[PDB]
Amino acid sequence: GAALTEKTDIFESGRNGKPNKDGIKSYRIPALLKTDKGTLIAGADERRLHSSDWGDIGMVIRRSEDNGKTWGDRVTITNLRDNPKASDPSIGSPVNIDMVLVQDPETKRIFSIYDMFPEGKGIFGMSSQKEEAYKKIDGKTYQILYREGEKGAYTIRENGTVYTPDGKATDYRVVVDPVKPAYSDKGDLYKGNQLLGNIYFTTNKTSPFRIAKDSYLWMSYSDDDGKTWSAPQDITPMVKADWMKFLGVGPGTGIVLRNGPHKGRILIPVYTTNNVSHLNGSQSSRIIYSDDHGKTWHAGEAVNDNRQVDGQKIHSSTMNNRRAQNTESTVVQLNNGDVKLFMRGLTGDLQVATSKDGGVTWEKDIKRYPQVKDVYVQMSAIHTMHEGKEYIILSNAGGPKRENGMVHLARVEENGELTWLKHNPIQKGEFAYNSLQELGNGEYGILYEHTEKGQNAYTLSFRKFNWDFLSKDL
């Protein structure tokens, strides 16, 4: 008989707009990862001030060693301190938002890659004008600092020493090696031995320096099964092109290729916007990857690059076409070596791109599956084997709006084609972002967004189900 466990709340939001027991109003953006040790890591955005995509947001996780039955206390990966002088608290804090979790099967290192924005309104507060964020000097990439009244770009060098645009050291220094809990001291700006402010503050500043106002990508990793995490690493320069406006991850759980010429490659879903149409018509999915176990990262090409739309070719850097957009996505590798990218879009149904070269380039045929509705919200999908047959499990809202969570089952053939077999409900009422993981022995787990009884968006809950729940009619 079909089996589905009762929902268990992992990250509890407050209700009626009030903070929860820990003084936090909202939780969002679930990530679920089953590690080599069998541990379950549930990650999420800890949105203290409100549910919006900005403000004071920490990257946190909880661990379960009994396959989801019980969970340990919250573990904070990164939580930047707010600007104590910001006029509007709701938007007065440097921001981290949306994470992707994944573990290297060989080194066992667990990665959490997430967005970073200096103080502001995140993706909804990006400037119309670009500001250079890095500058190369003698084969050395340094992060730039701007000072009001001066056009020249200062730079942060060894030991966090701030250098003038002319190449001279100053008495200013940045905390590049934070040591406080959650690394809340990262970016602190000192003059001599006195703390003046923070390079991530953009308003009512007390120090002379700030980084470029742009979208960044950070990475933290754990070598102890998620118990402790390293200080944030800025990987933005390795993958963000000069034309890119926004560059962020497609939240959830990434993968490591299991077969093919690119086996071992780590894939992280991401998406960008350009300066032509930004959020109106340029959101384009793609992936970033690492072939050296997370040491260095590289950007693949966008699904939209050289894509044919209405008889004409477009590019992710210049496009202005609402319906041709593809944003957050989930990635899966098939046994035939192909990489499938299920992308959140505006067609009303499931859009999927296919890569034959480890995720670098994408084939011309972007298939749509009317069998799986898409109300324009994040989704997750995972590869799975059952009785010698290859399948794909995908979960997302069934509609009309972000509600009625569904778990779709598809059969994968040798040519990589998909055949949707079943569509079973898993959660009534509100349902949004989710993250699926195979637990083994025919069981699966899912961390998802849901609310009820007046809960703030959202409360992240966990459920487990087996094959009987997937196939047989409920």
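For every residue, the number given is its place in the sequence shown, counted from 1.
Higher mean CA B-factor, judged across 444-452 and 424-432 from the recorded values: 424-432. On average the C-alpha atoms of 304-312 have higher B-factors than those of the other stretch, with 233-241 and 304-312 being the two compared.
Of all the options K364, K121, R286, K180, the entry's greatest CA B-factor is assigned to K364.
Residues shown: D45, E414, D56, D53. Highest C-alpha temperature factor in the entry: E414. Residue-level temperature factors show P30 in the lowest third of its chain, judged at the C-alpha atom. For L418, the recorded CA B-factor ranks within the highest third of the chain. Only modelled residues enter the ranking. The deposited CA B-factor of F111 belongs to the lowest third of values across its chain. In the deposited entry, the Cα temperature factor of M406 places it in the highest third of its chain's modelled residues. In this PDB entry, the Cα temperature factor of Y458 sits in the bottom third of its chain's modelled residues, the lowest group.
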